[PDB]
file run-v2.txt (compact mmCIF, N, CA, C and O atoms)
# COMPACT_ATOMS: atom_id res chain seq x y z
N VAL A 1 153.56 117.55 11.23
CA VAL A 1 154.80 118.08 11.78
C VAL A 1 154.80 119.59 11.65
O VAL A 1 154.07 120.17 10.83
N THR A 2 155.61 120.24 12.47
CA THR A 2 155.71 121.69 12.51
C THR A 2 157.16 122.10 12.31
O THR A 2 158.06 121.57 12.97
N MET A 3 157.39 123.05 11.40
CA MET A 3 158.73 123.52 11.13
C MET A 3 159.20 124.50 12.20
O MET A 3 158.41 124.99 13.02
N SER A 4 160.50 124.78 12.20
CA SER A 4 161.12 125.66 13.17
C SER A 4 161.42 127.02 12.57
O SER A 4 161.56 127.15 11.34
N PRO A 5 161.49 128.07 13.40
CA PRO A 5 161.86 129.39 12.87
C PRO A 5 163.21 129.41 12.19
O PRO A 5 163.39 130.10 11.19
N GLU A 6 164.18 128.65 12.72
CA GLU A 6 165.48 128.57 12.06
C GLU A 6 165.35 127.98 10.66
O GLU A 6 165.96 128.47 9.71
N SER A 7 164.53 126.93 10.51
CA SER A 7 164.31 126.36 9.19
C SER A 7 163.61 127.34 8.26
O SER A 7 163.99 127.48 7.09
N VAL A 8 162.60 128.05 8.76
CA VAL A 8 161.83 128.93 7.88
C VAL A 8 162.65 130.16 7.49
O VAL A 8 162.40 130.76 6.44
N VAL A 9 163.64 130.54 8.30
CA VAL A 9 164.50 131.66 7.93
C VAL A 9 165.70 131.21 7.10
O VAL A 9 166.21 132.00 6.29
N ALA A 10 166.15 129.96 7.25
CA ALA A 10 167.21 129.44 6.41
C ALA A 10 166.71 128.99 5.05
O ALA A 10 167.53 128.80 4.14
N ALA A 11 165.40 128.80 4.90
CA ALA A 11 164.86 128.50 3.58
C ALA A 11 165.14 129.63 2.60
O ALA A 11 165.49 129.39 1.44
N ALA A 12 164.99 130.87 3.06
CA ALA A 12 165.41 132.02 2.27
C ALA A 12 166.90 132.26 2.48
O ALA A 12 167.39 132.22 3.61
N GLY A 13 167.62 132.50 1.39
CA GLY A 13 169.06 132.66 1.47
C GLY A 13 169.49 134.01 2.01
O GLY A 13 168.85 134.56 2.90
N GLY A 14 170.59 134.54 1.48
CA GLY A 14 171.10 135.83 1.91
C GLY A 14 172.09 135.79 3.04
O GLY A 14 172.62 136.84 3.42
N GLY A 15 172.38 134.61 3.60
CA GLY A 15 173.35 134.52 4.66
C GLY A 15 174.76 134.83 4.18
O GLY A 15 175.09 134.72 3.00
N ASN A 16 175.60 135.23 5.13
CA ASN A 16 176.97 135.58 4.81
C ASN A 16 177.76 134.33 4.42
O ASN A 16 177.27 133.20 4.47
N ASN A 17 179.01 134.55 4.02
CA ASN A 17 179.85 133.45 3.55
C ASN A 17 180.14 132.47 4.68
O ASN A 17 180.22 132.83 5.86
N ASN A 18 180.30 131.20 4.30
CA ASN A 18 180.59 130.11 5.24
C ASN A 18 179.52 130.01 6.32
O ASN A 18 179.82 129.79 7.50
N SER A 19 178.26 130.17 5.93
CA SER A 19 177.13 130.01 6.83
C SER A 19 176.19 128.88 6.45
O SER A 19 175.27 128.57 7.21
N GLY A 20 176.39 128.26 5.29
CA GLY A 20 175.52 127.16 4.86
C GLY A 20 174.24 127.56 4.18
O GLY A 20 173.91 127.04 3.11
N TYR A 21 173.49 128.49 4.77
CA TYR A 21 172.23 128.97 4.20
C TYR A 21 172.42 130.20 3.32
O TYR A 21 171.48 130.99 3.16
N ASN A 22 173.61 130.37 2.73
CA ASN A 22 173.83 131.48 1.81
C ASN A 22 172.91 131.38 0.59
O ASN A 22 172.50 132.40 0.04
N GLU A 23 172.59 130.17 0.17
CA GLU A 23 171.66 129.91 -0.92
C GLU A 23 170.33 129.42 -0.37
O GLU A 23 170.27 128.91 0.76
N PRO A 24 169.24 129.58 -1.12
CA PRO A 24 167.95 129.06 -0.66
C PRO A 24 168.02 127.56 -0.43
O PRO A 24 168.67 126.82 -1.17
N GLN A 25 167.33 127.10 0.61
CA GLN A 25 167.38 125.71 1.04
C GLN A 25 166.03 125.04 0.82
O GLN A 25 164.98 125.64 1.03
N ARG A 26 166.07 123.78 0.39
CA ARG A 26 164.89 122.97 0.14
C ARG A 26 164.87 121.79 1.09
O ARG A 26 165.92 121.25 1.45
N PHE A 27 163.67 121.38 1.50
CA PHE A 27 163.50 120.32 2.49
C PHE A 27 162.52 119.27 1.98
O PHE A 27 161.52 119.60 1.33
N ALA A 28 162.82 118.01 2.29
CA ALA A 28 161.97 116.89 1.92
C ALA A 28 161.74 116.01 3.13
O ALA A 28 162.69 115.60 3.80
N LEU A 29 160.47 115.72 3.42
CA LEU A 29 160.09 114.85 4.51
C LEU A 29 160.00 113.41 4.02
O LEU A 29 159.39 113.15 2.97
N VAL A 30 160.60 112.49 4.77
CA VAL A 30 160.61 111.07 4.46
C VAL A 30 160.16 110.31 5.70
O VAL A 30 160.57 110.64 6.82
N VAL A 31 159.32 109.30 5.50
CA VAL A 31 158.80 108.47 6.59
C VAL A 31 159.11 107.02 6.29
O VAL A 31 158.87 106.55 5.17
N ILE A 32 159.64 106.30 7.28
CA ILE A 32 160.01 104.90 7.15
C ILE A 32 159.25 104.10 8.21
O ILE A 32 159.12 104.55 9.35
N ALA A 33 158.76 102.93 7.82
CA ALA A 33 158.02 102.06 8.72
C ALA A 33 158.66 100.68 8.75
O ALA A 33 159.16 100.18 7.74
N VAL A 34 158.64 100.06 9.93
CA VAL A 34 159.16 98.71 10.14
C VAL A 34 158.02 97.85 10.68
O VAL A 34 157.36 98.24 11.66
N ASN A 35 157.80 96.70 10.06
CA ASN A 35 156.65 95.87 10.38
C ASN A 35 157.11 94.42 10.50
O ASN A 35 158.30 94.11 10.38
N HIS A 36 156.15 93.53 10.74
CA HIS A 36 156.38 92.09 10.83
C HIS A 36 155.70 91.40 9.65
O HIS A 36 154.88 91.99 8.94
N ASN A 37 156.03 90.13 9.47
CA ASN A 37 155.42 89.31 8.43
C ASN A 37 155.78 87.85 8.71
O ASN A 37 156.67 87.56 9.52
N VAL A 38 155.08 86.95 8.04
CA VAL A 38 155.27 85.51 8.19
C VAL A 38 155.60 84.92 6.83
O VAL A 38 154.89 85.18 5.85
N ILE A 39 156.66 84.12 6.77
CA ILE A 39 157.09 83.44 5.55
C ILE A 39 156.98 81.94 5.78
O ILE A 39 157.53 81.42 6.76
N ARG A 40 156.28 81.26 4.89
CA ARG A 40 156.04 79.82 5.00
C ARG A 40 156.92 79.08 4.01
O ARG A 40 156.92 79.40 2.81
N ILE A 41 157.67 78.10 4.51
CA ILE A 41 158.59 77.30 3.70
C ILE A 41 158.08 75.87 3.69
O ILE A 41 157.88 75.27 4.75
N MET A 42 157.88 75.32 2.49
CA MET A 42 157.41 73.95 2.37
C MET A 42 157.76 73.42 0.98
O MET A 42 157.68 74.15 0.00
N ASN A 43 158.17 72.15 0.95
CA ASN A 43 158.55 71.41 -0.27
C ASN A 43 159.29 72.29 -1.28
O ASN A 43 158.93 72.37 -2.45
N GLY A 44 160.34 72.95 -0.80
CA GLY A 44 161.16 73.77 -1.67
C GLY A 44 160.42 74.92 -2.31
O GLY A 44 160.72 75.29 -3.46
N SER A 45 159.46 75.51 -1.61
CA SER A 45 158.70 76.63 -2.13
C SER A 45 158.48 77.64 -1.01
O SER A 45 158.23 77.27 0.14
N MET A 46 158.58 78.92 -1.36
CA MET A 46 158.46 80.01 -0.40
C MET A 46 157.34 80.94 -0.82
O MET A 46 157.19 81.25 -2.01
N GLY A 47 156.56 81.39 0.15
CA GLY A 47 155.47 82.31 -0.12
C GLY A 47 154.95 82.90 1.17
O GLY A 47 155.31 82.47 2.27
N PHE A 48 154.08 83.89 1.02
CA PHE A 48 153.47 84.56 2.16
C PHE A 48 152.08 83.99 2.39
O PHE A 48 151.20 84.19 1.54
N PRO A 49 151.84 83.29 3.49
CA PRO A 49 150.49 82.75 3.73
C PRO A 49 149.43 83.82 3.89
O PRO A 49 148.25 83.55 3.66
N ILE A 50 149.82 85.04 4.28
CA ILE A 50 148.88 86.14 4.47
C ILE A 50 149.16 87.30 3.52
O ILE A 50 148.22 87.86 2.94
N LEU A 51 150.43 87.66 3.34
CA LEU A 51 150.83 88.77 2.48
C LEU A 51 150.10 90.06 2.85
O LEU A 51 149.79 90.31 4.01
N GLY B 1 124.62 115.93 52.46
CA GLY B 1 124.01 115.30 51.31
C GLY B 1 124.47 113.89 51.04
O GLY B 1 124.10 113.32 50.01
N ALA B 2 125.27 113.31 51.94
CA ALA B 2 125.83 111.96 51.77
C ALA B 2 126.57 111.85 50.44
O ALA B 2 126.53 110.83 49.76
N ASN B 3 127.27 112.92 50.07
CA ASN B 3 128.01 113.01 48.81
C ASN B 3 129.43 113.50 49.08
O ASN B 3 129.78 114.63 48.74
N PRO B 4 130.27 112.67 49.69
CA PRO B 4 131.68 113.03 49.83
C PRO B 4 132.42 112.84 48.51
O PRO B 4 132.02 112.07 47.64
N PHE B 5 133.54 113.56 48.38
CA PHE B 5 134.35 113.51 47.18
C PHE B 5 135.66 112.76 47.36
O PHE B 5 136.30 112.42 46.36
N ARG B 6 136.07 112.51 48.60
CA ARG B 6 137.35 111.84 48.85
C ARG B 6 137.46 110.44 48.26
O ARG B 6 138.52 110.13 47.70
N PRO B 7 136.46 109.55 48.37
CA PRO B 7 136.66 108.15 47.96
C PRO B 7 137.20 108.04 46.55
O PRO B 7 136.55 108.45 45.58
N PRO B 8 138.44 107.51 46.37
CA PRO B 8 139.06 107.43 45.04
C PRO B 8 138.40 106.32 44.21
O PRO B 8 138.82 106.11 43.09
N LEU B 9 137.41 105.64 44.79
CA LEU B 9 136.72 104.53 44.07
C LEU B 9 136.35 105.01 42.66
O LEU B 9 135.31 105.68 42.52
N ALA B 10 137.17 104.67 41.67
CA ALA B 10 136.91 105.10 40.30
C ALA B 10 136.08 104.06 39.56
O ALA B 10 136.26 103.85 38.36
N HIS B 11 135.16 103.41 40.28
CA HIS B 11 134.28 102.38 39.71
C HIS B 11 135.09 101.28 39.04
O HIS B 11 136.17 100.91 39.52
N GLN B 12 134.58 100.75 37.93
CA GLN B 12 135.28 99.72 37.18
C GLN B 12 135.65 100.23 35.80
O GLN B 12 136.62 99.76 35.20
N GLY B 13 134.89 101.18 35.29
CA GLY B 13 135.14 101.75 33.98
C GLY B 13 133.84 101.83 33.20
O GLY B 13 132.77 102.07 33.77
N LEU B 14 133.95 101.63 31.89
CA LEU B 14 132.79 101.62 31.02
C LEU B 14 133.01 100.67 29.85
O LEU B 14 134.09 100.65 29.25
N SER B 15 131.99 99.87 29.52
CA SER B 15 132.10 98.91 28.43
C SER B 15 131.95 99.59 27.08
O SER B 15 130.94 100.25 26.82
N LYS B 16 132.96 99.44 26.22
CA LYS B 16 132.89 100.02 24.85
C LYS B 16 132.01 99.11 23.99
O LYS B 16 132.56 98.20 23.33
N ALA B 17 130.70 99.35 23.99
CA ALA B 17 129.75 98.53 23.25
C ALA B 17 130.05 98.51 21.76
O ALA B 17 130.02 97.45 21.13
N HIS B 18 130.35 99.67 21.19
CA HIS B 18 130.62 99.77 19.76
C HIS B 18 131.63 100.90 19.54
O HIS B 18 131.95 101.66 20.46
N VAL B 19 132.13 101.00 18.31
CA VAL B 19 133.07 102.04 17.94
C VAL B 19 132.36 103.01 17.00
O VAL B 19 131.47 102.61 16.24
N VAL B 20 132.74 104.28 17.05
CA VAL B 20 132.09 105.32 16.26
C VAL B 20 132.33 105.13 14.76
O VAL B 20 131.43 105.37 13.96
N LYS B 21 133.48 104.46 14.52
CA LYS B 21 133.82 104.30 13.11
C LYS B 21 133.97 102.81 12.80
O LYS B 21 134.79 102.13 13.43
N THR B 22 133.19 102.33 11.85
CA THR B 22 133.24 100.92 11.47
C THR B 22 134.55 100.61 10.76
O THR B 22 135.10 101.43 10.02
N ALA B 23 135.06 99.40 10.99
CA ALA B 23 136.30 98.95 10.37
C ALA B 23 135.98 98.27 9.04
O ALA B 23 135.23 97.29 9.01
N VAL B 24 136.54 98.79 7.96
CA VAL B 24 136.30 98.23 6.64
C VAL B 24 137.01 96.88 6.52
O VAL B 24 138.06 96.64 7.13
N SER B 25 136.42 95.98 5.73
CA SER B 25 136.96 94.65 5.51
C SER B 25 137.63 94.61 4.14
O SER B 25 136.98 94.83 3.12
N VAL B 26 138.93 94.32 4.13
CA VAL B 26 139.69 94.25 2.89
C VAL B 26 139.68 92.81 2.38
O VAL B 26 139.45 91.86 3.13
N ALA B 27 139.94 92.66 1.08
CA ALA B 27 139.97 91.34 0.46
C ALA B 27 141.30 90.67 0.73
O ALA B 27 142.36 91.27 0.54
N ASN B 28 141.25 89.42 1.18
CA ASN B 28 142.47 88.68 1.46
C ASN B 28 143.21 88.37 0.17
O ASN B 28 142.61 87.99 -0.84
N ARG B 29 144.54 88.53 0.20
CA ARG B 29 145.39 88.28 -0.95
C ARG B 29 146.55 87.40 -0.50
O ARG B 29 147.46 87.86 0.19
N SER B 30 146.52 86.13 -0.90
CA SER B 30 147.58 85.19 -0.56
C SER B 30 148.77 85.39 -1.50
O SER B 30 148.83 86.36 -2.26
N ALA B 31 149.73 84.48 -1.45
CA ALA B 31 150.94 84.57 -2.25
C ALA B 31 151.24 83.19 -2.82
O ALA B 31 150.36 82.34 -2.93
N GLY B 32 152.50 82.99 -3.21
CA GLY B 32 152.94 81.76 -3.83
C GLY B 32 152.57 80.49 -3.09
O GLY B 32 152.36 80.50 -1.87
N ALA B 33 152.50 79.38 -3.83
CA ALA B 33 152.13 78.09 -3.27
C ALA B 33 153.20 77.06 -3.62
O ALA B 33 154.30 77.43 -4.04
N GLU B 34 152.90 75.78 -3.41
CA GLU B 34 153.85 74.72 -3.79
C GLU B 34 154.30 74.81 -5.24
O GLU B 34 155.51 74.77 -5.48
N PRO B 35 153.41 74.92 -6.25
CA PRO B 35 153.90 75.15 -7.62
C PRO B 35 153.96 76.64 -7.98
O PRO B 35 153.25 77.13 -8.87
N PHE B 36 154.81 77.38 -7.28
CA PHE B 36 154.90 78.83 -7.50
C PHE B 36 155.96 79.19 -8.54
O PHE B 36 156.78 80.08 -8.33
N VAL B 37 155.92 78.50 -9.69
CA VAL B 37 156.76 78.79 -10.85
C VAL B 37 158.21 78.97 -10.43
O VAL B 37 158.74 80.09 -10.44
N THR B 38 158.87 77.88 -10.05
CA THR B 38 160.26 77.92 -9.62
C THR B 38 161.13 77.15 -10.61
O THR B 38 160.66 76.23 -11.29
N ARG B 39 162.40 77.54 -10.69
CA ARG B 39 163.34 76.89 -11.59
C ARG B 39 163.99 75.71 -10.87
O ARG B 39 164.46 75.84 -9.74
N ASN B 40 163.98 74.55 -11.52
CA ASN B 40 164.63 73.36 -10.97
C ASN B 40 165.42 72.55 -11.99
O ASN B 40 166.29 71.78 -11.57
N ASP B 41 165.13 72.66 -13.29
CA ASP B 41 165.74 72.02 -14.46
C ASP B 41 166.35 70.66 -14.16
O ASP B 41 167.54 70.43 -14.44
N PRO B 42 165.59 69.71 -13.59
CA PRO B 42 166.20 68.40 -13.30
C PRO B 42 166.47 67.59 -14.54
O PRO B 42 167.55 67.01 -14.69
N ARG B 43 165.51 67.53 -15.46
CA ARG B 43 165.58 66.64 -16.61
C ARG B 43 166.13 67.32 -17.85
O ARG B 43 167.06 66.82 -18.48
N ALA B 44 165.52 68.45 -18.24
CA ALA B 44 165.77 69.16 -19.49
C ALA B 44 165.28 68.34 -20.68
O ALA B 44 165.27 68.82 -21.81
N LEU B 45 164.86 67.10 -20.41
CA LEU B 45 164.18 66.23 -21.37
C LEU B 45 165.01 65.94 -22.61
O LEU B 45 166.14 66.42 -22.76
N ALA B 46 164.46 65.14 -23.52
CA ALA B 46 165.11 64.82 -24.79
C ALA B 46 164.01 64.48 -25.79
O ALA B 46 163.48 63.36 -25.76
N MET B 47 163.67 65.43 -26.65
CA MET B 47 162.60 65.26 -27.63
C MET B 47 163.20 64.72 -28.92
O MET B 47 163.80 65.47 -29.70
N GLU B 48 163.04 63.42 -29.14
CA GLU B 48 163.50 62.82 -30.39
C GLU B 48 162.63 63.27 -31.55
O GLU B 48 161.40 63.29 -31.45
N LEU B 49 163.27 63.63 -32.65
CA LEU B 49 162.54 64.09 -33.83
C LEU B 49 161.84 62.91 -34.50
O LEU B 49 162.45 61.85 -34.70
N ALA B 50 160.55 63.08 -34.77
CA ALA B 50 159.76 61.97 -35.36
C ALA B 50 160.05 61.87 -36.85
O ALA B 50 159.91 60.76 -37.41
N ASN B 51 160.46 62.97 -37.48
CA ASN B 51 160.68 62.97 -38.95
C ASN B 51 161.36 64.26 -39.38
O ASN B 51 161.48 65.18 -38.55

call {"tool": "encode", "arguments": {"input": "run-v2.txt", "output": "structure tokens"}}
result
Amino acid sequence: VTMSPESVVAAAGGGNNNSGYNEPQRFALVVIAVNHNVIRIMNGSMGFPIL
Amino acid sequence: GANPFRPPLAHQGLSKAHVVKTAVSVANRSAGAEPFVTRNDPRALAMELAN
């Protein structure tokens, strides 16, 4: 990923009052994945046949 | 030269005989089975003291 000039300038503080970036700003990247799976139910027991 | 460029005949393609990078084989890991340590407490038993 590539950051933006607004982000790189808001990382350093110094902004005027009621601007949000008056203090130095920190950023954290988070990635979420959604997948499939198979659940096998038999004789009152649950498990993943493949996992 | 009997070499016109107009014919859009893009052939059929090309057969991918192999891949540049081999696919590693991971070890299969199954999960719970019929006796997958489940709570059922049907009996709770009754151990008579011998002495």

call {"tool": "residues_around", "arguments": {"input": "run-v2.txt", "residues": "residue 46 (chain A)", "least_positions_apart": "6", "cutoff": "6 Å", "atoms": "all atoms listed in the file", "output": "list in words"}}
result
residues 40 of chain A; 32 and 33 of chain B

call {"tool": "write_last_selection", "arguments": {"input": "run-v2.txt", "atoms": "N, CA, C and O atoms", "output": "mmCIF file, in the coordinates of the input"}}
result
data_model
loop_
_atom_site.group_PDB
_atom_site.id
_atom_site.type_symbol
_atom_site.label_atom_id
_atom_site.label_comp_id
_atom_site.auth_asym_id
_atom_site.auth_seq_id
_atom_site.Cartn_x
_atom_site.Cartn_y
_atom_site.Cartn_z
ATOM 1 N N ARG A 40 156.280 81.260 4.890
ATOM 2 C CA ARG A 40 156.040 79.820 5.000
ATOM 3 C C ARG A 40 156.920 79.080 4.010
ATOM 4 O O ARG A 40 156.920 79.400 2.810
ATOM 5 N N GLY B 32 152.500 82.990 -3.210
ATOM 6 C CA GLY B 32 152.940 81.760 -3.830
ATOM 7 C C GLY B 32 152.570 80.490 -3.090
ATOM 8 O O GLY B 32 152.360 80.500 -1.870
ATOM 9 N N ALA B 33 152.500 79.380 -3.830
ATOM 10 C CA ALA B 33 152.130 78.090 -3.270
ATOM 11 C C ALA B 33 153.200 77.060 -3.620
ATOM 12 O O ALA B 33 154.300 77.430 -4.040
#

call {"tool": "interface_residues", "arguments": {"input": "run-v2.txt", "of": "chain A", "to": "chain B", "cutoff": "7 Å", "atoms": "only C-alpha atoms", "output": "PDB file with N, CA, C and O atoms, keeping the file's coordinate frame"}}
result
ATOM      1  N   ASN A  43     158.170  72.150   0.950  1.00  0.00           N
ATOM      2  CA  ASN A  43     158.550  71.410  -0.270  1.00  0.00           C
ATOM      3  C   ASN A  43     159.290  72.290  -1.280  1.00  0.00           C
ATOM      4  O   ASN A  43     158.930  72.370  -2.450  1.00  0.00           O
ATOM      5  N   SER A  45     159.460  75.510  -1.610  1.00  0.00           N
ATOM      6  CA  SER A  45     158.700  76.630  -2.130  1.00  0.00           C
ATOM      7  C   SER A  45     158.480  77.640  -1.010  1.00  0.00           C
ATOM      8  O   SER A  45     158.230  77.270   0.140  1.00  0.00           O
ATOM      9  N   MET A  46     158.580  78.920  -1.360  1.00  0.00           N
ATOM     10  CA  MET A  46     158.460  80.010  -0.400  1.00  0.00           C
ATOM     11  C   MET A  46     157.340  80.940  -0.820  1.00  0.00           C
ATOM     12  O   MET A  46     157.190  81.250  -2.010  1.00  0.00           O
ATOM     13  N   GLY A  47     156.560  81.390   0.150  1.00  0.00           N
ATOM     14  CA  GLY A  47     155.470  82.310  -0.120  1.00  0.00           C
ATOM     15  C   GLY A  47     154.950  82.900   1.170  1.00  0.00           C
ATOM     16  O   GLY A  47     155.310  82.470   2.270  1.00  0.00           O
ATOM     17  N   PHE A  48     154.080  83.890   1.020  1.00  0.00           N
ATOM     18  CA  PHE A  48     153.470  84.560   2.160  1.00  0.00           C
ATOM     19  C   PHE A  48     152.080  83.990   2.390  1.00  0.00           C
ATOM     20  O   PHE A  48     151.200  84.190   1.540  1.00  0.00           O
ATOM     21  N   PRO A  49     151.840  83.290   3.490  1.00  0.00           N
ATOM     22  CA  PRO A  49     150.490  82.750   3.730  1.00  0.00           C
ATOM     23  C   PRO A  49     149.430  83.820   3.890  1.00  0.00           C
ATOM     24  O   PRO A  49     148.250  83.550   3.660  1.00  0.00           O
ATOM     25  N   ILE A  50     149.820  85.040   4.280  1.00  0.00           N
ATOM     26  CA  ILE A  50     148.880  86.140   4.470  1.00  0.00           C
ATOM     27  C   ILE A  50     149.160  87.300   3.520  1.00  0.00           C
ATOM     28  O   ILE A  50     148.220  87.860   2.940  1.00  0.00           O
ATOM     29  N   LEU A  51     150.430  87.660   3.340  1.00  0.00           N
ATOM     30  CA  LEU A  51     150.830  88.770   2.480  1.00  0.00           C
ATOM     31  C   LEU A  51     150.100  90.060   2.850  1.00  0.00           C
ATOM     32  O   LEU A  51     149.790  90.310   4.010  1.00  0.00           O
TER      33      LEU A  51
END

call {"tool": "atom_distance", "arguments": {"input": "run-v2.txt", "atom1": "CA of residue 41 (chain B)", "atom2": "CA of residue 42 (chain A)"}}
result
18.9 Å

call {"tool": "select_by_dssp", "arguments": {"input": "run-v2.txt", "residues": "chain A", "states": "helix (DSSP H, G or I)", "output": "PyMOL selection string"}}
result
chain A and resi 5-11

call {"tool": "select_by_dssp", "arguments": {"input": "run-v2.txt", "residues": "chain A", "states": "strand (DSSP E or B)", "output": "MDAnalysis selection string"}}
result
chainID A and resid 40:42 45:47

call {"tool": "atom_distance", "arguments": {"input": "run-v2.txt", "atom1": "CA of residue 41 (chain A)", "atom2": "CA of residue 39 (chain B)"}}
result
16.0 Å

call {"tool": "atom_distance", "arguments": {"input": "run-v2.txt", "atom1": "CA of residue 13 (chain A)", "atom2": "CA of residue 28 (chain A)"}}
result
17.3 Å

call {"tool": "axis_aligned_box", "arguments": {"input": "run-v2.txt", "around": "region 13-27 of chain B", "padding_each_side": "3 Å", "output": "JSON"}}
result
{"center_x": 136.1, "center_y": 98.0, "center_z": 17.9, "size_x": 18.6, "size_y": 20.7, "size_z": 40.8}
